[PDB]
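Heads up, what comes next is one protein chain in two forms, each shown on its own as structure tokens, labelled structure 1 and structure 2.
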Structure 1
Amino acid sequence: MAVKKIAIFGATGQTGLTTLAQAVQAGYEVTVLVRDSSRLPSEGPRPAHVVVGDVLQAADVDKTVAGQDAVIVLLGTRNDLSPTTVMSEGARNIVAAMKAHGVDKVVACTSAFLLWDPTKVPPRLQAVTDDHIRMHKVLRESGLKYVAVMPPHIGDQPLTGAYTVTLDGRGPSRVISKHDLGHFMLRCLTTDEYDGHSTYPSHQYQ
């Protein structure tokens, strides 16, 4: 087990940007798929490789997944309020490209709403949650080594690295810093302990 090359999908998002920065600082050779390159910061840590394209475009995903050791998925659809399939269709393209290229490890973020009663989901988040569920099923039925990361509210607190991780359930805390969440996405690259499990990271930021 030695992951050196990773693809990150969703690297321009709030969690993606800090996951990308941390990965670069730790020494990973990171490839990102971005739809427009000007949103990547021009100062600080930069990825080794940039593919310009869409997770909905199978060829763009293929170019991104080729030659990787593992994939991190931090896709989201920003403000869709009504039925949407971007994340699950992108997950299908990711799965197909990982198969074609022999990449066997994927760490993907959905939501802790998948661990709660469906009546906890606010009405205007039901569509996105539904597609998270579709994307989770896609990844679980793929047969790939899949770590399901299902975070509660994503905050802006500083990196601590001291969060809780609860397997196949929700945990006591109900927030995770975007920085701590990115930290855990990368921690999942260094072990098979979470493979096949759903994970809930959460921490105290008093």
Structure 2
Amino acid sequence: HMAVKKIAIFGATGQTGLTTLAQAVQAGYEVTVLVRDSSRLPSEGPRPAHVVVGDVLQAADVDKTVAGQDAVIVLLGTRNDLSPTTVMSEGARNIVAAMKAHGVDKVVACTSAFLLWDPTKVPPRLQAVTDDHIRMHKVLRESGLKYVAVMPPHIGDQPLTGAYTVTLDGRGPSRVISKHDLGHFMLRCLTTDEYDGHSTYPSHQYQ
């Protein structure tokens, strides 16, 4: 009885992706992942239904990942690397093109709460990555797709609670979200239209 049942996850091998993947498999989703050839999912962990090996910078690989899905979750990032980059914005351009070509409308994509900050207050060391989040958000906003812009504060290692605050179109009352709660929220956004076209800032106080 799953209206959304087939999903693509971009970034499933990452910090938030791994727990999003685990929670999605447990919840009954049929998950397709795009993984880079050198970086597959861990063998002991939950297995998705379909694996595409390739790169988000290749339209052909993104097309193969998006075809036949109900919705797309985007958890791309650069791990610890703070260098100038366009992997997230160019990846988003490819995702948008594939979604349009394949009739997929719902995209839930993670950038960061700095897109809700006074821009001159972003820490300089994070500005190069933030610049690409800004480029990525513009690509997704201008696409016309049903886009949920997830803009989290610091991502931590605290528990899954399902009890976090979701602040619409502004910064929320806490400065952290656990990676498990962030993935839980990305999946929650598949089951409702209420956040489409909005920015969302999930946050919580772990106690």
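Shifts are known only where both forms have a C-alpha. By rigid core we mean the largest C-alpha set that fits within 1.5 Å across both forms. Residue indices: 1-based, along structure 1.
In the core-aligned comparison between the two structures, the C-alpha of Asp36 is the only one from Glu141, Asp168, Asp36, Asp156 that shifts by 2 Å or more. Core-superposed comparison between the two structures: the CA of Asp104 stays below a 2 Å shift. In this overlay on the rigid core, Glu89 has a C-alpha that sits less than 2 Å away from its partner position between the two structures. With the core held fixed between the two structures, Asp80 has its Cα displaced by at least 2 Å. With both forms fitted on their core, the C-alpha atom of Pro123 sits 1.2 Å from where it sits in the other form; this compares the forms between the two structures. Considering only residues present in both forms and aligning them on the rigid core, one finds runs of three or more residues with C-alpha shifts of 2 angstroms or more between the two structures at 36-39, 78-83.
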